[PDB]
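Visitor: Below you will find the structure I want to go over with you.
Values in this text are rule-based calculations from the coordinates and carry no lab data. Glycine gets a Cβ as well: all are built from the backbone with ideal geometry, and neighbour counts include every protein chain shown.
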Amino acid sequence: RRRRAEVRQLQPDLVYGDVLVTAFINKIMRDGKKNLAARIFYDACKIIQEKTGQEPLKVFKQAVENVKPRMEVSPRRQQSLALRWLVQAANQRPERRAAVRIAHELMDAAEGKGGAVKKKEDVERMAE
RNA sequence: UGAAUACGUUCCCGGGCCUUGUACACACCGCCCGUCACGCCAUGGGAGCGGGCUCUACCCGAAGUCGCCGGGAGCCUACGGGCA
């Protein structure tokens, strides 16, 4: 208790220059292998730009933004919570490739739709 | 390779520690209290029975004492008394 402890702060990834990136990679992270989950994200983004032509970064941030619950919310938990549904919803997708399921899950989330975004509407609506 | 979450955890499940207060107790997941079952002893009344004693009322027992009369032919000496 006290001191408000710490949460540490990491650096960008490579082609995006954002912290939330690695943070999200930590969610997809499993078995302790970030190297794998890393490419899974990059490849997931590559599919986005090769299907929408838009920046895979602006689609990522926006997606997570359209998931951060307002009520159920600290500016931090908004990230932890959002990243959760983004992975869970992407874990239950039709696509066979991990990078493909996440890619679609992100695009839909960025457009304000999908299972992850649908879950939020429920939590918020059941809170208000 | 390398997290997520860690302060809003102030609570609080639980442990430890300082401090306040209270009852009993110190085997403290205590201790007491009470009922029930068994054993022994003991207290009191009551319906009633047996024995002794006390108080009140009536019913006359004897000895003895006190008092009066006294038998008159009764038990007798006589200023007459008296005994029975």
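Visitor: Please go through segment A:1-56 and pick out each residue that is part of a loop (DSSP other than H, G, I, E, B) and small (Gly, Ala, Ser).
Guide: Pass one, segment A:1-56, residues part of a loop (DSSP other than H, G, I, E, B): A:1-18, A:29, A:31-32, A:50-55.
Once the filter is applied, which keeps residues that are part of a loop (DSSP other than H, G, I, E, B) and small (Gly, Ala, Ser), segment A:1-56 yields A:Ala5, A:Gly17, A:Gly32, A:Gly53.
Visitor: If I ask for residues that are more than 10 Å from RNA strand B (Cβ to nearest atom) and touching a helix residue (DSSP H, G or I) at 6+ places or on another chain (Cβ under 7 Å), which ones from segment A:74-86 would you list?
Guide: Quick first cut of segment A:74-86, residues more than 10 Å from RNA strand B (Cβ to nearest atom) only: A:75, A:85-86.
Matches in segment A:74-86: A:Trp85, A:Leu86.
Listed here are the residues, each with its yes/no results for (1) among the hydroxyl-bearing types (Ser, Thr, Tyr); (2) more than 9 Å from RNA strand B (Cβ to nearest atom); (3) at positive phi.
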site: A:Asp18; (1), (2), (3): no, yes, no
site: A:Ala23; (1), (2), (3): no, no, no
site: A:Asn26; (1), (2), (3): no, no, no
site: A:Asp31; (1), (2), (3): no, no, yes
site: A:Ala38; (1), (2), (3): no, no, no
site: A:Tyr42; (1), (2), (3): yes, yes, no
site: A:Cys45; (1), (2), (3): no, yes, no
site: A:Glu50; (1), (2), (3): no, yes, no
site: A:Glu55; (1), (2), (3): no, yes, no
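Visitor: From the list A:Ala37, A:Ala44, which residue is in contact with a strand residue (DSSP E or B) (Cβ under 8 Å, 6 or more places away or on another chain) and under 17 Å from A:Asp18 (Cα atoms)?
Guide: Numbers: A:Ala44 fails: in contact with a strand residue (DSSP E or B) (Cβ under 8 Å, 6 or more places away or on another chain).
Unique residue meeting the criteria: A:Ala37.
Visitor: Output the number of the condition that A:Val73 fails; it satisfies all remaining conditions of (1) assigned to a loop (DSSP other than H, G, I, E, B); (2) within 12 Å of the chain's Cα centre (by Cα).
Guide: Result: A:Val73 passes all but (2).
Visitor: Picking from A:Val73, A:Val21, A:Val7, which residue would you name as being out of contact with any strand residue (DSSP E or B) (no Cβ under 9 Å at 6 or more places or on another chain), crowded, with 18+ Cβ neighbours inside 10 Å and under 30 Å from A:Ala127 (Cβ atoms)? Don't jump to the end; show me each part of the working.
Guide: Values: A:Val73 fails: crowded, with 18+ Cβ neighbours inside 10 Å; A:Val7 fails: crowded, with 18+ Cβ neighbours inside 10 Å.
Every option except A:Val21 fails the conditions.
Visitor: Does A:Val7 fit the bill of being near RNA strand B (Cβ under 7 Å from one of its atoms) and farther than 12 Å from A:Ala98 by Cβ? Quick ask: steps written out before the conclusion?
Guide: On the way: near RNA strand B (Cβ under 7 Å from one of its atoms): yes; farther than 12 Å from A:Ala98 by Cβ: yes.
When the stated conditions are applied, A:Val7 passes them.
Visitor: A further question follows. Among the residues of segment A:26-38, are any in contact with a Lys or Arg (Cβ under 8 Å, 6 or more places away or on another chain), closer than 30 Å to A:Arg4 by Cα and not small (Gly, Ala, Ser)?
Guide: Yes, that holds for at least one residue.
Visitor: I want to confirm something. Restricting to segment A:57-70 and keeping residues that are of a type outside the set (A, V, I, L, M, F, W, C) and either within 16 Å of RNA strand B (Cβ to nearest atom) or assigned to a helix (DSSP H, G or I) (or both), which single residue is farthest from A:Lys120 (Cα to Cα)?
Guide: Per the criteria, the residue is A:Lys58.
Visitor: Within segment A:60-88, how many residues are aliphatic (A, V, I, L, M) and more than 19 Å from A:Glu128 (Cβ to Cβ)? Give the derivation first.
Guide: We begin by selecting, within segment A:60-88, every residue aliphatic (A, V, I, L, M); these are A:63-64, A:67, A:71, A:73, A:81-83, A:86-87.
Then keep just the ones that are more than 19 Å from A:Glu128 (Cβ to Cβ); that gives A:63-64, A:83, A:86-87.
Number of matching residues: 5.
Visitor: Does segment A:90-113 contain any residue that is within 20 Å of A:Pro12 (Cα to Cα) and within 13 Å of RNA strand B (Cβ to nearest atom)?
Guide: Quick first cut of segment A:90-113, residues within 20 Å of A:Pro12 (Cα to Cα) only: A:99, A:102-103, A:106.
Those still in the list that are within 13 Å of RNA strand B (Cβ to nearest atom) too: none.
No, segment A:90-113 contains no residue that is within 20 Å of A:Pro12 (Cα to Cα) and within 13 Å of RNA strand B (Cβ to nearest atom).
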